[PDB]
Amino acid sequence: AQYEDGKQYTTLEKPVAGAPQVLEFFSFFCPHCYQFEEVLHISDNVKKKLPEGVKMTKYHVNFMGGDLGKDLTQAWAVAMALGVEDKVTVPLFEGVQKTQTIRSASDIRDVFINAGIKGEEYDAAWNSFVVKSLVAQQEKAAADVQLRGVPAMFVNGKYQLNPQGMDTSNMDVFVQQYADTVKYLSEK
């Protein structure tokens, strides 16, 4: 066929019931993730092609960057709780990988302060139980698919995107193939 298992995607041998429809995993320490967000804008282009009524979920992972990796999952929970993903995603990526000015939870916090979230508001969220369960969700979702690498994308808990089997000579074309594959998988 045109979309074949093991080519543009793989199938999970152990499907995950009740999983979010479109589930993306990343790490701020992850170089291809930097590309995916900053250069390719994958999340955004996928969204633009998803059918109506399909929600998109993005989670951070712990298994890169040790102690700071975990802080970044908690900060991403804070970002989700406050609804400020679109204001911190870029400075977090650049702070870890470009400028390398993010070395501690305090430096992570600085990014939110600069993005205009109030100290009081950031600290209250950081320490909230709502953020603790949002952290739990992120971990549980990664555990459910025994995730060992990022970037990763899963559709309906049963299919996993396989970007290795796509042409990367032209970046625009790669992105559209990626998005179209997610759309195909979505309607499956």
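Note that residue numbering follows the sequence shown and begins at 1.
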Higher-scoring stretch by recorded Cα B factor average, 143-151 or 58-66 = 143-151
Where do the C-alpha atoms have the higher mean temperature factor in this entry, in 129-137 or in 43-51?
-> 43-51
Within this chain's modelled residues, let me know which third the CA B factor of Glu24 belongs to: lowest, middle or highest.
-> lowest
B-factor third for the C-alpha atom of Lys118 within its chain | highest
